[PDB]
Novice: 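Just passing along the structure, written as structure tokens.
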Amino acid sequence: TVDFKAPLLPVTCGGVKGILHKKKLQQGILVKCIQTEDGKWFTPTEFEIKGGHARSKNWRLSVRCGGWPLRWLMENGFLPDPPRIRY
Amino acid sequence: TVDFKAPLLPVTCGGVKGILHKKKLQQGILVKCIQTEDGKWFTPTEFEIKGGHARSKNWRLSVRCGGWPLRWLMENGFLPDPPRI
DNA sequence: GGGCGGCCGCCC
DNA sequence: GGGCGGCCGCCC
């Protein structure tokens with residue numbers, strides 16, 4: 001079971017496990033916020049690439065938490081949705 | 001803003017609008033449950049086609065209510081998810 | 001077959 | 001450059 005309200009979230013992407021730090025995601029998509037067991041750090045899109053989902057081009061859908069895409073956590077109030085980078 | 005708890009729901013797909021009848025949707029995906037203003041009836045997938053989204057092959061995402069896919073209303077307990085065939 | 005994950009064109 | 005709607009192959 002996963003506590004969606006906790007400041008740290010266990011996440012997965014393509015069978016790769018990591019720990020998402022909400023305090024870091026809140027600083028923006030360019031900030032490394034996911035740490036794998038070996039201590040390495042990833043931004044969300046870097047973690048999408050790590051899990052083999054580079055071609056999907058959507059970390060909010062490629063990265064999952066408790067069997068839900070991160071977008072579902074954002075829609076349900078468990079996870080801040082970081083701002084877009086303007087064009 | 002849409003009352004997602006109403007038995008009749010205004011839905012859209014592409015430029016097309018219609019009213020989704022929840023009690024008809026409950027019965028299954030082959031049942032006609034969306035009526036347009038001329039009185040014609042559509043299943044969800046027929047309404048997907050009518051709105052120009054034939055190639056999406058996912059009426060739960062192509063058909064919208066209040067800006068949300070119907071899938072969202074199902075995930076949040078406002079709409080029956082008809083049984084899979 | 002019905003529909004969903006993988007993909008990527010395209011806008012902003 | 002980022003990410004979402006449109007597309008479609010392919011499980012069950």
Side-chain angles (χ1 to χ4, degrees), chain A residues 2 4 9 11-16 20 25 29 34 44-45 47-49 51-87, chain B:
Chain A
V2 173
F4 295 129
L9 302 181
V11 294
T12 64
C13 185
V16 178
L20 194 148
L25 183 67
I29 62 168
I34 300 171
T45 286
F47 191 71
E48 184 186 43
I49 293 167
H53 280 93
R55 287 185 189 279
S56 287
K57 292 177 60 186
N58 197 340
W59 62 264
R60 283 168 183 84
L61 292 177
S62 296
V63 182
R64 292 190 154 253
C65 181
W68 291 104
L70 292 185
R71 174 199 274 178
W72 178 95
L73 279 79
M74 304 175 174
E75 295 170 352
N76 280 262
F78 301 131
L79 186 66
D81 187 357
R84 305 311 183 268
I85 302 189
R86 270 177 74 242
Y87 175 53
Chain B
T1 292
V2 167
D3 178 14
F4 294 135
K5 296 184 178 173
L8 301 186
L9 287 185
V11 297
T12 61
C13 181
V16 183
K17 299 183 180 50
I19 301 300
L20 186 153
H21 290 237
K22 290 193 188 171
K23 195 181 179 183
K24 296 181 186 300
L25 175 67
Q26 287 171 13
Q27 311 181 12
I29 64 176
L30 308 186
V31 171
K32 283 181 178 279
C33 64
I34 297 165
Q35 186 177 39
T36 50
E37 60 179 9
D38 56 5
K40 290 205 186 71
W41 286 93
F42 300 81
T43 69
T45 286
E46 291 175 340
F47 194 65
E48 182 181 45
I49 292 156
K50 180 66 166 91
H53 280 75
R55 288 178 302 264
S56 285
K57 293 163 71 190
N58 195 338
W59 65 261
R60 292 173 176 80
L61 290 186
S62 296
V63 180
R64 327 286 284 184
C65 177
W68 291 105
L70 296 188
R71 191 250 324 131
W72 177 92
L73 284 83
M74 303 174 172
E75 298 177 330
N76 289 277
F78 298 116
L79 191 63
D81 188 357
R84 265 76 171 183
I85 307 186

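Naming: A, B, ... by sequence-line order, numbering from 1 per chain. As a basis for the values below, the full set of heavy atoms in this structure was taken, side chains included, without hydrogen atoms, waters or symmetry mates.
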Novice: Just wondering, do A:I29 and A:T45 contact through their side chains at under 4.5 Å, heavy atoms?
Specialist: no
Novice: Are any non-hydrogen side-chain atoms of B:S62 and B:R55 less than 4.5 angstrom apart?
Specialist: no
Novice: Side chains of B:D38 and B:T36: do they bring a donor and an acceptor to under 3.5 Å?
Specialist: yes
Novice: Using a 4.5 Å cut-off on heavy atoms from C-beta on, say whether the side chain of B:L30 contacts that of B:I85.
Specialist: yes
Novice: Between B:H53 and B:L61, is any pair of side-chain heavy atoms under 4.5 Å apart?
Specialist: no
Novice: Does A:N58 offer a backbone N or O that forms a donor-acceptor pair with the side chain of A:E48 under 3.5 Å?
Specialist: yes
Novice: Do B:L25 and B:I34 have side chains that approach each other closer than 4.5 Å (heavy atoms only, starting at C-beta)?
Specialist: no
Novice: Please report the interatomic distance CG(B:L73) to CZ(B:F4), rounded to the nearest 0.5 Å.
Specialist: 5.0 Å
Novice: Is any side-chain heavy atom of A:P44 closer than 4.5 Å to one of A:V63?
Specialist: no
Novice: Sequence neighbours left out, what pairs pass salt bridge (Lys or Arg N to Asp or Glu O under 4.0 Å) with at least one residue falling in residues 69-79 of chain B?
Specialist: B:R71-B:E75
Novice: Answer whether the closest heavy-atom distance between the side chains of B:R64 and B:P69 falls below 4.5 Å.
Specialist: yes
Novice: Hey, could you give me each pair passing salt bridge (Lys or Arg N to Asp or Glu O under 4.0 Å) that has a residue in residues 17-32 of chain B? Not counting sequence neighbours.
Specialist: B:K32-B:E46
